There are 2 protein chains.
Amino acid sequence: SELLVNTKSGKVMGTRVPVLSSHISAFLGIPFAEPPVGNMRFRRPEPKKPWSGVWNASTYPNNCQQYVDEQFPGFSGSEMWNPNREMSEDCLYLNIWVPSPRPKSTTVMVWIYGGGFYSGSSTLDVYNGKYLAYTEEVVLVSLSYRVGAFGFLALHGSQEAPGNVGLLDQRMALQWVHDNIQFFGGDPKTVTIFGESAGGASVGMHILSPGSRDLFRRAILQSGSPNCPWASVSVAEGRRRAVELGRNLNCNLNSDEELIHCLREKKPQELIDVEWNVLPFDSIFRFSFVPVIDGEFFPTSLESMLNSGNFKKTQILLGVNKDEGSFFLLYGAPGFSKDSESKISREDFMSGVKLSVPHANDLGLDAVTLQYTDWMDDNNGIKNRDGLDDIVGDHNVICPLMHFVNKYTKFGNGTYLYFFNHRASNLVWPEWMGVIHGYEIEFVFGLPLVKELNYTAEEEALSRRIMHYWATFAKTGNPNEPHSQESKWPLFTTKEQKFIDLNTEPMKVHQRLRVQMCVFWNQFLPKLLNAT
Amino acid sequence: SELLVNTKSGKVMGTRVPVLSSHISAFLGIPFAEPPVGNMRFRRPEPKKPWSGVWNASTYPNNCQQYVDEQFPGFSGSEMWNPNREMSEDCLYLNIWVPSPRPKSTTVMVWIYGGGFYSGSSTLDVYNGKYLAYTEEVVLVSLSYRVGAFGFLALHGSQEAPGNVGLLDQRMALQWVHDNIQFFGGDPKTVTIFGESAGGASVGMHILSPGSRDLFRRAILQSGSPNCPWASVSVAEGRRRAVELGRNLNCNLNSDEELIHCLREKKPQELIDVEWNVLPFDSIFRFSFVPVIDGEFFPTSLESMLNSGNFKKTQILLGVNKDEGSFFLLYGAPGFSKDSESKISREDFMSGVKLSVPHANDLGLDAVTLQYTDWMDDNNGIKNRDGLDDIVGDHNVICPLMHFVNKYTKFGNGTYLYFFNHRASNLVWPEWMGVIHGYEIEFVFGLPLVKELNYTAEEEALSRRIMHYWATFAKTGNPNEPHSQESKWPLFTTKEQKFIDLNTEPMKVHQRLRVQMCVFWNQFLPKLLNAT
Ligand SMILES: O/N=C/c1nc(CCCCNc2c3c(nc4ccccc24)CCCC3)ccc1O
Ligand SMILES: O/N=C/c1nc(CCCCNc2c3c(nc4ccccc24)CCCC3)ccc1O
Ligand SMILES: O/N=C/c1nc(CCCCNc2c3c(nc4ccccc24)CCCC3)ccc1O
Ligand SMILES: O/N=C\c1nc(CCCCNc2c3c(nc4ccccc24)CCCC3)ccc1O
Ligand SMILES: *[C@@H]1O[C@H](CO)[C@@H](O)[C@H](O)[C@H]1NC(C)=O
Ligand SMILES: *[C@@H]1O[C@H](CO)[C@@H](O)[C@H](O)[C@H]1NC(C)=O
Ligand SMILES: *[C@@H]1O[C@H](CO)[C@@H](O)[C@H](O)[C@H]1NC(C)=O
Ligand SMILES: *[C@@H]1O[C@H](CO)[C@@H](O)[C@H](O)[C@H]1NC(C)=O
Ligand SMILES: [Cl-]
C-alpha cells in the first residue's frame, strides 16, 4: 500500500489527494514531538513517544497558539495568513506530500513558515505543497513550531524556559525527517530547508547553529536572514520582556520558578492578549518573543560567527521582494491606508522614520531622514511614502540579508541571489504596496497553475520557472540545468556580486543589490549609533 | 583740472587712460592710511597724514607683502594672481577710475580683492576697472589691505597686535571713499562694495561689523561669505597660531610685548617663509592668519549675529561658480595634475576628503565619504575626482554661502542669487578643473570686451550682461532694469529660493541651489561633529 507507512514512532495512514488532473499522496498532521502542554509550556520539546495502531494522517493538524490579525475582517489579503485550523498548544505536527508512485531516494524540501516568530501556520492555503511536490517530483515537508511567548520566552539560566525552544521545535522536526523521510521516498542526505520572513531567518539560524547543521543539506532564504534586527534579542533583553510579561499579568516576580509557574497557570490567549505590551518602543517590524543569542543554540554573537566562518559551508539560494516594508507601514504607521494611495505628509514621514528605526538616537534619526529625503521635493507625499517604504524594507530585510550574503559567500560553496519584483495581476492589495513581503510565496508554491485562481499565462510560466529553480537547486545545489538552453542564473561571487530579477520578463543580471542604501544601513549607521 | 582733484588729505593728479577706442580718468596709488611699517606693523591703520603739493597718482602702488605662488612658474593661469609690482609693507593705497567727463554724484563700486586673506593685490590685470567704469558709467574704486601675518596676526588682549587690522584697513579705505569720493564725481550715499573669495567674505564681514555698516549702501559677494570655514578663527586659535609663528623664529614667548617686539624685528619674507607652518592640520583651503571673532569687530559669534539679525539690512547680490574646489585640489591633493585629466584612485580620494575636512573625526570623514561616493562604481576615477571637487566646492564656498543667504534673507531688504557656470573658451587650465574659483572675475571686469584677449562674441555679451547686472544692482538695489523686455532675474525669497544661471545661454531660473548636499554640510555634519 502506497498510503500506509511505518515510521520509527508508529504506523501512519495518509490520503490520496488530487493535483492538476493527477494525484499524489499526502500525510498530514504527523506528530513529531510530545505536546508542549501543562508543565512543558516553554520547555524544550521532547521526542514524540511511539504510538500503537495507525495514525490518521489525512487531516491538517491544529495551529499553534498565536495572535490572530483582525485588522481587516474577512479580507482575503490578510486572512490568508491567519490560522485556518483550531488553535492549541498541542501543535507540533508536520505534513508530507509524496509523489505517486513513490520515488526511490528523491530530493526533500522542508518548508518553515514565517509570521515574525509570533504567528504562522503550516496549513495555510498558500503553503499547499501538492503543486510543488507533484510538478518537480520532490518530497515536500511542512514543519511547524511554537511561536510567540510559548515558543520563545527566554529566561537565560532557567531550564524550564531557556529560550529558542521554537527553534528547537524545528530542529526536532528536521531530526524526525532525518530518521523517517526514507520511508516516504525521501533521501535524508538531500534535504533543502527553505522558509520565508521569520522562516528564512530560521533557515539562516540552522545554518549557524551547530546542533542543526547536520540535519539538512542546502538552504533557501526568502525575505529573511539570521541577522535581521527583528530576528533575535540579547539574553538581558529577553529576560526583561519575559519578566515584563509576568508583571503584565500580576505574576509574582521574585524568582524564575515562581514567574514561570504563574505564566504556566495562564490560558494561552491571556499571554497573547498582552504579548505586544513588552516591546521597548513604539515599533514597526518588531516582535516580542524571538530567538535569543544564548551561548548554546548560538555559540557566540551572530556577527563573530559570520566573521569566523563558524557555520555550515554549503550552497544557499536567497533573495528579497521589491517592497518588503509596505505591509508593515499599512498596519503600523500614520498616513497609510489600504483604501488610498497613502501619500504621506512630511510630518507623517518624520513619525514613520521614528517608528521604523526603534533604536536610533536623535543623530541616527537625522541620518536616516537625510538619507531618504529628496530636499528639492520634501513635501511630495508619494516620494515620502515610497521613501519610508524603502526605509523599512532596507533596514529590516534587504540590507540585513546582503550583509549575510556577503559574509557567507566568503566561506560558502555557492550562492544564488534573486530580486523578486513581480506584482501579481490578481493582487488584492493597493498598488502603492508594491511587491509585498510574502507574495512571492504563492509563485514558489505553484498556485498560479490553478486556472480558477485566474493568474495570467505568463504568471503560470513564472511560477514553473521559479519552482524548477528551487527544485533543481534543491537536487543539485545549482538552480540551473547546466548545458541546457535557458539563460543561466549566475553565481553570486565575492567580487562581482551578481543577482537576477525574478519576473515575467527575460532574465536580467545586475550587480550589487542596493549597495548605496545598504552601505548606510550596514556600515555607517551602526558606527553612528555606537558613537556617543 | 579734470585730472587734478583736491581731496581732504591733499591734491592728487591722475592720468588719462584709453579704453576701447575711448578714454577715461585713473587715479592710481592714492594713499588712504599711514604706512604700517616697523613699529606700526600688526597695529591698527592710522589715517594718512595730509600732504603738500600734488601726489603723482598715475602709476599702480606697491603690493602688500605676501606669499608668491611658484608652483607653475611663468604659467599664465597662476601668474595672473601674483603681485605685479614691488612688495612693501607700505602698501595701503587705493585706485579710482572715473568716466570722462566727470559725472555728478554717480554710483560707486569698491572692489575688495580675495586670496584667502594671505595674498592678493589691487593691481592685477583682471582687477583693471577702466572697462567696468567706462561701460557702466560708474566710479570704480579698488582698495588694498594687509594680508597674512601683517594683516591678521591676532594676540587678543593686546593693542599692539589685536587682529583684524586687515579688515580695518578695508574699513579705513571705505571711510576714505565716504569722505573723498564726492570730489571724484562719486556719490558716497550709493557705494557698493564687492569682492571675491576672501573679498566676498570681507564684504560679508562688513555687513555684520557695526563699525562698518555706514560706510557703504549695499553688497556683492562672489564665491565667499563671512561664515566660510576658512574665513575666521577664534581668539584662542589666533593666539595659538601667533605664538607658534613666534616659536618658528625662536622669538621670546614670555609675553605679547616680547613676542611682538621680536616679530617686528624680522624681515617680511622671514615671516612669510614660516607662515604656513602654523596650521593645526594638513589641510586644503585653509589659511594661517585670518580674521578673529574678537568681540569688537564682530560683537558676538557670526552665527548668533546672523540669528538675531545683528547686521546691516539692505540688498545683496551674490553667487558661486560651478567648480570652486578644482583649483585647491590641484595645488594640495594627491593624484591631481595640471597636465592630466587627474582620474583619482579610491586611495587618493580617501586622502582627498581627509585634507578637505581637516576638522573632522573619523565618523565625520565617513559621513562625507558616504555622501559623495557612488557605491555602484567606487573605482571610477572621474566620479572620484568630481566627487572630491564637489566636496571642496560645497564645503568651503557654496554651502557656507547658502547658509548665509538663507539667514540674511530673513532680515535683508532683497537678495539676488547667481550660479556662474560658463567655462571660458580661451581658458588655460585643463578641462577637468571646470568653472574655476575666481574665473568669473574676468567677466565682472569686462575683459571679454578686449578684442585682443580672444574671447568669443558670446562671452563679450555675457560680460556685458554681467557688468550691467552689477552696475544696475549697485545703482538701484535690483539687477533688473524695470521694463527691459529680456528675462528678469527673480528675487531670492525664504520660501521659493530662486536663483539664476550665468552662462552664454538664455537665463533659466532654479530653486534650492545644491540643497541636498548643503543640508548635509550646513545641518547634518555639524550636528554630527558636535555630537561625537
Ligand atoms: O501593526 N499593528 C499596529 C497596532 N495594532 C493594534 C490592534 C491589535 C491589538 C494589539 N496589537 C498590536 C500592538 C502592537 N503592534 C502590533 C503589530 C501587529 C499586530 C498587532 C499589534 C504594538 C503596541 C501594542 C499592541 C494595536 C496597536 C498597534 O500599534
Ligand atoms: O590649505 N591651503 C590652501 C590653498 N591655497 C591655494 C592658493 C594658491 C594660489 C592662489 N591663486 C589663485 C587665486 C584664485 N583663483 C585661482 C585659480 C587658479 C589658480 C590660482 C588661483 C582666486 C582668488 C585669488 C587667488 C591653493 C591651494 C590651497 O590648498
Ligand atoms: O596646498 N598645500 C600643499 C603644499 N604646497 C606646497 C608648495 C610649496 C610652498 C608652501 N606653501 C603652501 C602651503 C600650503 N598650501 C599652499 C597653497 C598654495 C600655495 C602654497 C601653499 C598648505 C600646507 C603648508 C604650505 C608645499 C607644501 C604643501 O603641503
Ligand atoms: O509590524 N508588526 C507586525 C505586523 N503584524 C500584523 C498582523 C499579522 C498579519 C501578517 N500577515 C502577513 C504576513 C506576510 N505578508 C503579508 C502581506 C500583506 C498582509 C499581511 C501579511 C508574510 C509573512 C507572514 C505574515 C500585520 C502587520 C504587521 O506589520
Ligand atoms: C481518517 O479521517 C478522515 C477524515 O474524517 C476520514 O475520511 C477517514 O475515514 C478516517 N480513516 C479512518 C480509518 O478512520
Ligand atoms: C565547492 O567545493 C568543491 C570541492 O570541495 C570545489 O571544487 C568547488 O569549486 C566549490 N564551489 C564553489 C562555488 O565554491
Ligand atoms: C610720477 O611723476 C610723473 C608725472 O608727473 C610720471 O611720469 C612718473 O612716471 C611718475 N613716477 C614714477 C617713478 O614713475
Ligand atoms: C524692504 O524691502 C521690501 C521689499 O524687499 C520693500 O517693502 C521696501 O523696499 C523695504 N521696506 C521698507 C519698510 O523700507
Ligand atoms: Cl604668549
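Residues numbered from 1 in each chain as written, not as in the entry; some residues may be left out. Chains lettered and ligands numbered in written order. Heavy atoms only, no water.

- Structure determination for this PDB entry is given in the record as X-ray crystallography, at a resolution of 2.630 Å.

Regarding the packing of helix 17 (residues 515-530) of chain A against helix 12 (residues 362-372) of chain B
- Closest axis-to-axis distance for the helix 17 of chain A/helix 12 of chain B pair is 11 Å, and the angle between their directions is 170 degrees. Here helix 17 of chain A lies roughly antiparallel to helix 12 of chain B, going by the angle between them. For the pair formed by helix 17 of chain A and helix 12 of chain B, the contact residues are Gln516, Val519, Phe520, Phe524, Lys527 and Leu528 of chain A on the first element and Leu363, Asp366, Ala367 and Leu370 of chain B on the second.
- A class-by-class count of the residues in the contact of helix 17 of chain A with helix 12 of chain B yields 7 nonpolar, 1 polar and 2 charged. (Axes fitted to C-alpha atoms, helices over the stretch in contact; angles between N-to-C directions. Helix = DSSP H or I, 4+ residues; strand = E, 2+ residues; numbered from the N terminus. Parallel < 35°, antiparallel > 145°, perpendicular 65-115°, else oblique. Contact = heavy atoms within 4.5 Å. Nonpolar A, V, L, I, M, F, W, Y, C, P; charged D, E, K, R; others polar.)

Regarding the nonpolar core
- In terms of nonpolar packing, the biggest core is built from 359 residues, with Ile96 and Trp470 of chain A together with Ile96 and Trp470 of chain B touching the most fellow members.
- Those residues in contact with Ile96 of chain B that sit more than four places away from it in its chain are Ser25, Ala26, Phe27, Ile30, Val139, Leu140, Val141, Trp176, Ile181 and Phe184 of chain B. (Core = buried A, V, L, I, M, F, W, Y, C linked by side-chain atoms within 4.5 Å. Buried < 20%, exposed > 50% of the residue type's maximum accessible area, 1.4 Å probe, protein only.)

Observations concerning the site of ligand 1
Residues and elements named next belong to chain A.
- Near ligand 1, the surroundings consist of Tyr67, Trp276, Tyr331 and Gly332.
- At a separation of 3.4 Å, an oxygen atom of ligand 1 approaches a polar backbone atom of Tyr331.
- Of the residues contributing to the shell around ligand 1, the split by class is 3 nonpolar, 1 polar and no charged. (Near = heavy atom within 4 Å. Polar contact = N/O pair within 3.5 Å; in protein donor to acceptor, adjacent residues only side chain to side chain.)

Some points on the site of ligand 4
Residues and elements named next belong to chain A.
- Around ligand 4, the surrounding shell holds 15 residues, and the nearest of these are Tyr118, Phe327, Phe328, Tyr331 and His437.
- The contact in question runs from an oxygen atom of ligand 4 to an N or O atom on the backbone of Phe285, over 3.1 Å.
- In the complex, the protein chains occlude 92% of the 610 Å² of accessible area that ligand 4 would expose alone.
- Of all the elements, helix 11 (residues 326-332) adds the most residues to the shell around ligand 4, at 3 residues. (Areas by Shrake-Rupley, 256 points an atom, 1.4 Å probe, with all protein chains shown as cover.)

Structural notes on helix 13 (residues 381-411) of chain B
All names here are of chain B.
- With 31 residues, helix 13 should cover 45 Å at 1.5 Å per step; its first-to-last C-alpha distance of 44 Å lies within 8% of that length.
- Of all the bends in helix 13, the largest measures some 55 degrees and sits at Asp394.
- With respect to burial, helix 13 is a largely interior element, 24 of its 31 residues being buried.
- For helix 13, the side-chain oxygen to backbone nitrogen distance between the N-cap and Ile382 is 3.0 Å, and the N-cap itself is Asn380. (Expected span 1.5 Å × (residues − 1). Bend = angle between axes of the 7 residues up to and from the residue.)

Thoughts on the side chain of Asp69 of chain B
Residues and elements named next belong to chain B.
- With respect to the helices and strands, the residue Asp69 is situated in the loop between strand 5 (54-56) and helix 1 (76-79).
- For the buried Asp69, no salt bridge exists, and the shortest N-O distance to an oppositely charged side chain is 11 Å, to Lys338.
- In terms of polar contacts, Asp69 uses its side chain to reach the side chain of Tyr331, at 2.8 Å.
- Each residue touching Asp69, except ones within four places of it in the same chain, is listed here: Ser78, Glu79, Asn82 and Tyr331. (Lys, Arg positive; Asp, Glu negative; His and termini not counted. Salt bridge = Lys/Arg side-chain N within 4 Å of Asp/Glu carboxyl O.)

Let's talk about the packing of helix 11 (residues 346-356) of chain B against helix 12 of chain B
Residue and element names in this part refer to chain B.
- Between helix 11 and helix 12, the least distance of the axes is 10 Å, while the angle of their chain directions is 125 degrees. As far as their axial angle goes, helix 12 and helix 11 are oblique. Seen along the crossing, helix 11 lies across helix 12 with a hand that is right-handed. Facing helix 11, whose interface residues are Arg346, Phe349, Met350, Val353 and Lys354, helix 12 presents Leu365, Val368, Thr369 and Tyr372. (Left-handed = near helix turned anticlockwise from the far one by under 90°.)

Focus: helix 12 of chain B
- Burial analysis of helix 12 of chain B places 9 of its 11 residues in the buried class, the great majority of the element.
- Where helix 12 of chain B is concerned, the buried positions are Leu363, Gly364, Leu365, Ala367, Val368, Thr369, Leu370, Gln371 and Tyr372 of chain B.
- On the buried face of helix 12 of chain B, the contacting elements are helix 13 (362-372) and helix 17 of chain A together with helix 11, helix 13 and helix 16 (515-531) of chain B.
- Two or three places before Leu363 of chain B, at the start of helix 12 of chain B, stands the capping residue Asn361 of chain B, its side-chain oxygen 3.3 Å from that residue's backbone nitrogen.

Here we look at empty space enclosed by the protein
Residues and elements named next belong to chain A.
- What the rule picks out here adds up to 9 cavities of 30 Å³ or more.
- Taken together, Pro36, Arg41, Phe42, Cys64, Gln65, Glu89, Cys91, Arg146, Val147 and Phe150 make up the lining of the largest cavity.
- Looking at the lining of the largest cavity residue by residue, the class counts come to 6 nonpolar, 1 polar and 3 charged. (1 Å grid on protein atoms, 1.4 Å probe; cavity = no way out; pocket = protein on both sides within 12 Å on 5 of 7 lines; lining within 4 Å. Points joined across faces, edges and corners; volume = space filled by probe spheres on them.)

Here we look at the interface of chain A and chain B
- Contact with chain A, which involves 21 residues of that partner, is made by 20 residues of chain B.
- The junction of chain A with chain B conceals about 1,800 Å² of combined surface from both sides, 64% of it contributed by carbon and sulfur atoms.
- Here chain A and chain B share 5 salt bridges between them.
- Between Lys527 of chain B and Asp362 of chain A there is a salt bridge, and its shortest N-O distance comes to 2.9 Å.
- Run the count over chain A and chain B and you get 10 residue pairs in polar contact. (Buried area = accessible area lost by both parts, 1.4 Å probe.)

Details of the pairing of strand 7 (residues 106-112) of chain A
Residue and element names in this part refer to chain A.
- Within strand 7, 7 of the 7 residues are buried, which leaves the element mostly enclosed by the surrounding structure.
- The pairing of strand 7 with strand 9 (residues 186-196) spans 6 bridges and is parallel. From the neighbouring strand, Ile112 faces strand 9, where its bridge partner is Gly195.
- Strand direction decides the pairing type here: strand 7 and strand 8 (residues 139-142), joined by 4 bridges, are parallel. Paired with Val110 across the bridge in strand 8 is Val141.
- Between the parallel pair strand 7 and strand 8, the chain is carried across by helix 2 (residues 130-135), and the sense of this crossover is right-handed. (Pairing = 2+ DSSP bridges. Right-handed = clockwise from strand over helix to strand, strands pointing away.)

Considering the sheet that holds strand 2 (residues 10-13) of chain B
All names here are of chain B.
- With respect to topology, 3 strands assemble into an open sheet ordered 1-2-5, the strand pairing being mixed. Each edge of the open sheet is held by one strand with a lone partner, namely strand 1 (4-7) and strand 5. Strand-to-strand twist in this sheet, taken as the mean axis angle between neighbours without regard to direction, amounts to 30 degrees.
- Strand direction decides the pairing type here: strand 1 and strand 2, joined by 4 bridges, are antiparallel. By the bridge assignment, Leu4 is partnered in strand 2 with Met13.

Some points on the state of the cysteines
All names here are of chain B.
- In total, this model carries 6 disulfides over all chains according to the counting rule given.
- Through a disulfide, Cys64 is tied to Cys91; the S-S separation comes to 2.1 Å. An S-S torsion of about 95 degrees defines the bridge between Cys64 and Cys91 as right-handed. With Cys64 in the loop between strand 5 and helix 1 and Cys91 in the loop between helix 1 and strand 6 (93-99), the pair connects residues that are 27 residues apart, well separated along the chain.
- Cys399 shares a disulfide with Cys518; S-S distance 2.0 Å. Between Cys399 and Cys518 the disulfide shows an S-S torsion of about -85 degrees. By sign, it is left-handed. In this pair, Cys399 is assigned in helix 13 and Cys518 in helix 16, connecting sequence segments 119 residues apart. (Disulfide = S-S within 2.5 Å.)

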